[PDB]
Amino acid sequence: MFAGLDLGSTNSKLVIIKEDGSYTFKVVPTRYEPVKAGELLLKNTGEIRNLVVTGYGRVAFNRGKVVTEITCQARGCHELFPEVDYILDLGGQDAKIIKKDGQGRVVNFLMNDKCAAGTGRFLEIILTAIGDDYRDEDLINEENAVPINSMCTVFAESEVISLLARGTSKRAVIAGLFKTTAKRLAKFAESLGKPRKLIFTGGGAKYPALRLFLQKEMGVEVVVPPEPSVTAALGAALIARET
């Protein structure tokens, strides 16, 4: 009945809020074609009264109210965690720190600088290459979390190559990447103020070691939505209904 479509760089997500207040969600990879991904997600949806479209593909989708992922993520996370004012959203190309008020509206925000683009996609890529045929639970107390350049994914990739080229463990490099990212994202998530508590959402929040390292660095509790992929799409759907 009320639809929010989040056409992200990496994944496209659809939330449908029905008349009874319940909702359903679907995720599909964007595959660099958000128009196709949105049509596919809306396939067989039913009769929609209002649609809000967000994410990168909002510039191209030829119907729906357009709203940025910043405003949608604030609104969606507010539905889940009204009592927490700060949101860190890690996607495939952007990082966002957002501060929302008691109504879930944006009080302030900050996105990554140009040199910090692509963190999530780099994590996705390098973890697939050097595997993680271990389980997340083991990176947490690694003795050697070798420090890796925080500058950008180009510099980090260089160090990954040299570190594995000389025989450093796969796990130790994996642990090192998560800790460096967590340390950078911890500073990032303080940019709008020191949160008493932080919501960590987006697909990047689905790396349990990243959340644990971030929480240790920040020194406050980090809550993750039950499905962090779809929180921005939920916000879009809520805006669509409100509209």
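From 1 onward, residues are counted along the sequence shown.
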item	value
Mean C-alpha temperature factor, higher of 11-19 and 229-237	11-19
Mean Cα B-factor comparison, 79-87 or 147-155, giving the higher one as deposited	147-155
Top Cα B factor in the deposited entry, candidates 45, 201, 215, 68	45
Residue, from 172, 106, 110, 117, that the PDB entry assigns the highest Cα B-factor	172
Residue 207 CA temperature factor, ranked by third within the chain	highest
CA B-factor ranking of residue 62, expressed as a third of its chain	middle
Cα B factor band for residue 129 (lowest, middle or highest third within the chain)	highest
Chain-wide C-alpha B factor ranking for residue 97, given as lowest, middle or highest third	lowest
Lowest, middle or highest third - CA B-factor, residue 3	middle
